[PDB]
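Peer 1: sequence and experimental coordinates follow.
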4 protein chains.
Amino acid sequence: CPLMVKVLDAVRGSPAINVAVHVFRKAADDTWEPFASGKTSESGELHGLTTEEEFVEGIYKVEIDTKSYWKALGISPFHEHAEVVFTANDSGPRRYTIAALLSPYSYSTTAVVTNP
Amino acid sequence: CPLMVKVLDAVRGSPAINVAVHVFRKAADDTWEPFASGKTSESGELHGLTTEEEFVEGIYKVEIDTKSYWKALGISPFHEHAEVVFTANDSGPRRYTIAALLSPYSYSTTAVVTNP
Amino acid sequence: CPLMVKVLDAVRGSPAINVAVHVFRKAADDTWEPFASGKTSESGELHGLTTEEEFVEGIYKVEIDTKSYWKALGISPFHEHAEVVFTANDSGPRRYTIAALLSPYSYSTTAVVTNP
Amino acid sequence: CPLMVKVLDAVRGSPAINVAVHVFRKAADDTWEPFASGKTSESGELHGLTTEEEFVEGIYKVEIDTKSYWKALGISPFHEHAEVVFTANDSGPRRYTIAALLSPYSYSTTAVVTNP
Ligand SMILES: COc1cc(C(=O)c2cc(C)cc(C)c2)cc([N+](=O)O)c1O
Ligand SMILES: COc1cc(C(=O)c2cc(C)cc(C)c2)cc([N+](=O)O)c1O
């Protein structure tokens, strides 16, 4: 609800299904602490990562396991993973969607931040 | 239903709302004939462009009026518009989503083609 | 020199070699008139399309023949071409680099505009 | 020479000048060790990060300091940085160009890998 991840595949023209996604929150000692994770669904979406109560301001990292995704499809990939790092800021009501568009040697990411 | 367009804004991190979208189908004489049009909604999506009966195989052009979108936001843009040209092919049941991610001097587009 | 095109391949992580590019300019009667054409080199770059004298103000369309590129590599891609449409030189001469990053179901384009 | 980074700005249509870039290499104990750093020139390019001798096999992370770039232009961007993580030189030496295209709420990255 506060945070959704969506992953698309630029080679096949499809959602990127069954991609592992790990979210971390930066701790006080600057290390990355596990926060939430899951696998994208048949629509390429990963819902239910967190709740409003749990998702406080801070620095988050979303790691998308692109390498395993490509290897499951039999395609040779460049990256280890894709990492999206951002600050969550409570500037009134907000929902964050982190979207990624994957190719073997490239990826694109955007944030769609809306007031629900 | 068979064809949806979604437009996102990379500068503001938001759906691209109220963007005009024109779809054309290539005619026998190679000209582009108007086929469907609309404006993206508050979610950046444009539904209801066509129906299964109307959307036959052929070459289609989706023109996204990016210049007017940026000017309504007070941002100076490079492109006249963004044009996505593709062939619709009846390889079993298919839904097409044409997605575009806009910046003033760049855009990205992908096709998400799924079997419903 | 005033207009260069660069094309990269996001599947292979390489320049996109031997990509045909056609440039058109909108004529007074609103049709697209041929302006220049060429193909990308081993570096993915296409230089020498035009000259400072010939590259006057106007609305230009750079058509990158992405389908032909993919088909020659044995791939069936989604798009027919990538088209980049922009007004050039409207505040005096500029140098334009039009870049494209290709995948079978997606492309991205950017413009770099410099004042010489 | 074996590792170059190029950064472009999708808002202005320009090279992204004075962008700080930090490269790390995974050490035997799985931590990220500093490897090289620099900043992009007026062309948006960063050359001379490393040498053929120093750029051995390994897992490398190229951190592009996009937030610092935007903040110096007076813009509040979404991401903290753009990180590009890849195994290099695993089948012998290659030349790598890591490119990034920046917007306030989005970025794209690609790799061009060539065999010298
Ligand atoms: C929020 O919802 C959506 C977002 C996006 C996107 O941000 C995106 C992101 C990138 C990097 C490229 C494109 C062309 C688009 C695509 C979607 N889509 O269904 O293709 C979508 O639904
Ligand atoms: C000028 O020279 C180059 C330009 C560019 C680019 O404009 C570009 C364009 C797009 C759509 C995405 C990215 C990440 C970058 C990439 C290059 N490259 O090596 O990936 C390159 O050499």
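Peer 2: Arrived safely. Numbers count the residues shown, from 1 in each chain, chains lettered A, B, ... in the order given. Ligands and ions are numbered 1, 2, ... in the order given.
Peer 1: what's the closest residue to residue A:55 other than its chain neighbours in contact with, if anything?
Peer 2: Of all residues not flanking residue A:55 in the chain, residue A:2 sits nearest, at 4.5 Å (CB to CB, 6 or more residues apart in numbering or on different chains). Where you see a C-beta, it was placed from the backbone N, CA and C, and this is true even at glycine. With contact set as CB atoms under 8 Å, 6 or more residues apart in numbering or on different chains, residue A:2 has these partners: A:50, A:51, A:52, A:55, A:94, A:95, A:96.
Peer 1: measure residue A:2 to chain B for me?
Peer 2: Computed as CB to the nearest CB, to the nearest Å, the residue A:2 to chain B distance reads 15 Å.
Peer 1: with residue A:108 instead?
Peer 2: 6 Å.
Peer 1: contact residues of chain A facing ligand 1?
Peer 2: Within chain A, the positions near ligand 1 by CB under 6 Å from any ligand atom are A:6, A:8, A:97, A:99, A:101, A:108, A:109, A:110, A:112.
Peer 1: 5 Å - rerun?
Peer 2: Contacts of chain A with ligand 1, taken as CB under 5 Å from any ligand atom, map to A:97, A:99, A:101, A:108, A:110, A:112.
Peer 1: what's the angle from the host helix or strand of the third one to strand B:95-103?
Peer 2: Which is residue A:101. Taking DSSP states H and E as the definition, one finds residue A:101 inside strand A:95-103. If you take axes from the mean of the first three to the mean of the last three CA atoms, to 10 degrees, strand A:95-103 sits at 100 degrees to strand B:95-103.
Peer 1: is the next helix or strand after strand A:95-103 up against chain D anywhere?
Peer 2: Downstream of strand A:95-103, the first helix or strand assigned by DSSP H and E is strand A:106-114. Yes: judged by CB under 8 Å from any CB of the partner chain, strand A:106-114 and chain D are in contact via A:106, A:107, A:108, A:109, A:110, A:111, A:113.
Peer 1: find the nearest non-adjacent residue to the fifth one, please.
Peer 2: It stands for residue A:110. That would be residue D:106: by CB to CB, 6+ apart, it lies 3.8 Å from residue A:110.
Peer 1: buried set for stretch A:32-49?
Peer 2: A:32, A:35, A:36, A:38, A:40, A:44, A:45, A:46, A:49 (16 or more other CB atoms under 10 Å in any protein chain shown).
Peer 1: is it in proximity to chain D?
Peer 2: No: against chain D, stretch A:32-49 shows no contacts by CB under 8 Å from any CB, the least distance being 11.2 Å.
Peer 1: let's see the distance spanning that stretch from one end to the other.
Peer 2: 17 Å (CA to CA, to the nearest Å).
Peer 1: neighbouring contacts of that stretch?
Peer 2: So stretch A:32-49 is contacted by A:1, A:3-9, A:14-27, A:50, A:60-61, B:112 (CB under 8 Å, 6+ apart).
Peer 1: isn't residue A:108 up against residue D:110?
Peer 2: No: using CB atoms under 8 Å, residue A:108 is not in contact with residue D:110; the gap is 9.3 Å.
Peer 1: compare those two (neighbour count), which wins?
Peer 2: Applying other CB atoms under 10 Å in any protein chain shown to residue A:108 and residue D:110 shows that residue A:108 carries more neighbours, namely 26 against 23.
Peer 1: who is the more buried one paired with across the strands?
Peer 2: residue A:101, residue D:108 (DSSP bridges).
Peer 1: residue A:17: neighbour count?
Peer 2: Residues near residue A:17, counting by other CB under 10 Å: 17.
Peer 1: state whether it is indeed within a helix.
Peer 2: No: Residue A:17 sits outside any helix when classified using DSSP: H, G, I helix; E, B strand; the rest coil, being coil.
Peer 1: excluding chain neighbours, what is closest to it?
Peer 2: Ranked by CB to CB, 6+ apart and with sequence neighbours excluded, the top spatial neighbour of residue A:17 is residue A:42, at 5.5 Å.
Peer 1: so residue A:96 is in contact with residue A:115, correct?
Peer 2: No: the criterion here is CB under 8 Å, and residue A:96 misses it with residue A:115 at 11.3 Å.
Peer 1: quick one: which of the two has more around it?
Peer 2: residue A:96 (19 against 9).
Peer 1: how about the more buried one, what does it touch?
Peer 2: Shown in contact with residue A:96 (CB under 8 Å, 6+ apart): A:2, A:3, A:4, A:88, A:111, A:112, A:113.
Peer 1: repeat for residue A:22
Peer 2: Residues in contact with residue A:22, defined by CB under 8 Å, 6+ apart, are A:34, A:36, A:37, A:62, A:63, A:65.
Peer 1: give the partner strands of the strand or helix carrying the second one in its sheet and their orientations.
Peer 2: Think residue A:36. Using DSSP H and E, residue A:36 falls within strand A:32-39. Strand A:32-39 has these partner strands in its sheet, going by DSSP bridges: strand A:20-26 (antiparallel).
Peer 1: where does chain A come near chain C, residue by residue?
Peer 2: A:9-14, A:78, A:101, A:103-106, A:108.
Peer 1: mind redoing it with 10 Å?
Peer 2: A:8-14, A:75-78, A:101-108 (CB under 10 Å from any CB of the partner chain).
Peer 1: return the members of the residues you listed classed as buried.
Peer 2: By 16+ other CB under 10 Å, these give A:8-14, A:77-78, A:101-108 as buried.
Peer 1: quick revisit: mind putting the contacts of residue A:22 in a markdown table, distance to ligand 2 included?
Peer 2: Listed next are the contacts of residue A:22 as a markdown table, based on distance: CB to the nearest ligand atom, whole Å:
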| residue | distance to ligand 2 |
| --- | --- |
| A:34 | 30 |
| A:36 | 29 |
| A:37 | 28 |
| A:62 | 19 |
| A:63 | 20 |
| A:65 | 21 |
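Peer 1: now, which of the residues you listed sits nearest chain B?
Peer 2: Nearest to chain B, judged by CB to the nearest CB, of the contacts of residue A:22 is residue A:62 at 14.8 Å.
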